[PDB]
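What follows is a set of notes on a single structure, which appears directly below.
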Amino acid sequence: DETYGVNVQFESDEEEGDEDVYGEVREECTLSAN
Amino acid sequence: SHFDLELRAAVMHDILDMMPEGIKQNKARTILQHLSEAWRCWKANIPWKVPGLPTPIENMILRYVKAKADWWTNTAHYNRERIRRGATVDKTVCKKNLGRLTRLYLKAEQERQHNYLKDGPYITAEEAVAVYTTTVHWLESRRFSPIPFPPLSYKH
Amino acid sequence: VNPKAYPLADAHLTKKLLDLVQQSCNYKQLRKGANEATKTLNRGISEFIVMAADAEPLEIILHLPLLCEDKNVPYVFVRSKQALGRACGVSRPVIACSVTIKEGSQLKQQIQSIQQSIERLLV
Amino acid sequence: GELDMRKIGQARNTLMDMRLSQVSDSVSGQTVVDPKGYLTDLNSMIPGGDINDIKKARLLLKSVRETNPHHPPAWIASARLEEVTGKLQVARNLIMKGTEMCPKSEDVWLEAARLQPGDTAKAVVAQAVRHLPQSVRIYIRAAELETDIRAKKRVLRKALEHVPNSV
Amino acid sequence: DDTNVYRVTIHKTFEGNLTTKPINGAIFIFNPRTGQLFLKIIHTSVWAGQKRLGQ
Amino acid sequence: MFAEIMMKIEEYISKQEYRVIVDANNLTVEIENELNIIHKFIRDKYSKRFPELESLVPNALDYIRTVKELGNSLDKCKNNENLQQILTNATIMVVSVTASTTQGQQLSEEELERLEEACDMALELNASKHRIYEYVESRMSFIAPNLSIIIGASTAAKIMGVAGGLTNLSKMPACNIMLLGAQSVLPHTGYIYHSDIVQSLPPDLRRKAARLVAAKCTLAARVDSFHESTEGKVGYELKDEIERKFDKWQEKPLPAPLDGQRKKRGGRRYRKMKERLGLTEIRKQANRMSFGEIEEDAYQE
Amino acid sequence: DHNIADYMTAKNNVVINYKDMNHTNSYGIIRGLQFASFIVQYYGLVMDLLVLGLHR
């Protein structure tokens, strides 16, 4: 489909406590002398 | 306590006594500005040499600055001892002391740097090469690969 | 004035030269400064070159008529450098200006008249 | 007369430096790069455009993806904005999110095949054929990402068995 | 209703690029009692070159 | 080439056009590189007899004089009156400390003779370069005193050789005198950029000092095109102005408090004013305390 | 790298400036440098090899 015309929604979303959404814990020559 | 103020007043009285009557209208203010400038210059380790200042007045200013500097250093040390011991002091005293000590410590640091420049390196050449041989033997024993310059395509 | 400054324009001639210099600098056809005038005379795009007799020293402008003998351009000396600087649209006095030709400008007839009137003063 | 105090200190310092350099010459493992050479490479490495305009375009693409998750033109624009600047892993993740949020889209499947490597592009073409079969573009992308004669022949045989009316 | 105030159209080209042109939007203030709908038109130049976020 | 240039310099100095000074300057510029190559060859040849003489003597002429005075014999560093006139006392003490523990074998007779011949050739080349520089300075003082006093005699001789004399340099603008002598090297740098008057400046203010010295050099060349300014007072005034500009380039009572009307009108620009400082923030839940409950940890602060 | 080492050493030999006072710090390290934390942990290690000996 062409779908000419799409509105945008710019807001201050994605607010969290610096954690990961997943229930699971957030995944993290040499010298030689002559 | 207030030795500096009395010293300044006495030197001003002595200078203005030996002063022509018809000229002392503004020369008193000029020489006071000169005294303040000399004190500031000593506090900053910068040369102070007024070209047009006659040498007797200049020598009196030098003596006054020497006396005030001795009193300044002594009272700064005494106040630091009082504060470190635990005596009751207000903010102004501590602030002033810190300023004085800062000036004194930078004076001492400049003297130390100049002493290093004059007396050369304090570590002897053979002492330095012994330290270097120790370090190279350690790093060779550790098979330590030296850290390269941050690569342009550094992954991290 | 300076005897080495030749030719010297009259009062109405200097007034017409200042009006032409103001009309050229307003229409972006004039270059102020001795280095810009030398660059315009070296490129061969300068229609006229004006100098100032009140320059200390005037010898730094002495190559400006001689380059006018190397590119066949009319040369003239103003009475004062401050008047030439005020006619060039600047607060600083200008000692040498170059009125350059443009691609079909409206001031081409006035520039031709100034070149015809400045070629008869040097005799 | 007068003796300059700095000269003896400098002489002794230079002597110590010379001794240390003489000792250090026995060390073989030391590394050093050419400053000028490295710089030139940096020069050549200098490329994007405006950072604020690219950030505004990325914010607009994120807002269009949040306002329309089932818009494969929005997913293709977000993948193009993430692949034209930054890293390709975020562009591959955005293409995978657009393929998972907007199924039966040939343009989003082609963008996910072009943004991912060939080992992932084969699985992306298989998922696109499982989600939207009888696609000539997905079959051509699967045959082009085979890098073999027999694999492309088998992909062409599977495309002829799926859609025999494709010239 | 101001959801259609900021709208853009994604024109995808076949070879080389794909542009996203913001179009003009309209904030609709509708009165149900009188049937009057004020369509405040916001031009495309108000959001193209502002260098600001949604706040 | 050097013998004919030396004979021309001797014929010019015995009688006391403009191409002879440029030829002597080019011969001196070639002899400087020849003496540097001879000093490098002498340092590579005498490295077996004294490996620490190069680090102790960074100058080429000082190392050449130290190799000619001491040579293979390392006993010429104790109370040597000839070495005290070349180097300083601390340099002589460092040379004696390096010769006390040298760990190097002595050279042969032919190698020492070749090193002495190279040192004598380098000394003769340095003397010929000094004589050519003195002759070029005399020719610059006789030709153009203002350009020789402002930017230097050798710089004015090089500018007259590159432009084609004082008559050709006077018809050149400041933009041509600034790039006079150009060719990774630094771009837009000519003979006036690496001069002695441009070397007494920081590198951040070196291009501006060169651009300010180029216009003064062009004005001095235009003043020396005729027979005027034979003293050099205009060049001295330009040098004093350049020194004042280089010194300038290098290194209130509290108003009476009052309370007028804070604002008489609003709207219009007033709004942009607050927008700059005092714009519409969240203005909620930021200066609020939530009397009842606790956000985040109790005493996180 | 030698370039890094030269940069680190040169960063220490700078001018330390108070309000009206300044001097060239040529002997000691600054400790205000972000990488000074590294230097102290390295130079000290050297003294460790002096205290402990390369064997122990």
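Per Swiss-Prot, chain F residues shown: 59-74, 89-255, 266-333, 341-390, in order.
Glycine is treated like the rest: Cβ placed from N, Cα and C.
Here's what Swiss-Prot has on this protein:
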- F:181-215: coiled coil (COILED)
- F:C247: site 'Interaction with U4 snRNA' (SITE)
- F:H270: site 'Interaction with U4 snRNA and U4atac snRNA' (SITE)
- F:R289: site 'Interaction with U4atac snRNA' (SITE)
- F:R293: site 'Interaction with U4 snRNA and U4atac snRNA' (SITE)
- F:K298: site 'Interaction with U4 snRNA and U4atac snRNA' (SITE)
- F:351-364: motif 'Nuclear localization signal (NLS)' (MOTIF)
- F:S379: phosphoserine (MOD_RES)
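Feature map: Swiss-Prot annotations on the structure.
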| residue | record | Cβ contacts under 8 Å, 6 or more apart |
| --- | --- | --- |
| F:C247 | site 'Interaction with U4 snRNA' | none |
| F:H270 | site 'Interaction with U4 snRNA and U4atac snRNA' | F:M250, F:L251, F:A254, F:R289 |
| F:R293 | site 'Interaction with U4 snRNA and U4atac snRNA' | F:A246, F:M250 |
| F:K298 | site 'Interaction with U4 snRNA and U4atac snRNA' | F:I222, F:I223, F:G317, F:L320, F:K321, F:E323, F:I324 |
| F:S379 | phosphoserine | none |
Cβ-Cβ neighbours of F:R289 (site 'Interaction with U4atac snRNA') (radius 10 Å): 16
Cβ under 8 Å to chain C, applied to recorded sites F:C247, F:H270, F:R289: F:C247
Secondary structure tally of the motif 'Nuclear localization signal (NLS)' (F:351-364) (DSSP, helix then strand then coil): 7 helix, 0 strand, 7 coil
Reduced DSSP assignment, F:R289 (site 'Interaction with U4atac snRNA'): helix
Where F:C247 (site 'Interaction with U4 snRNA') falls in three-state DSSP terms: helix
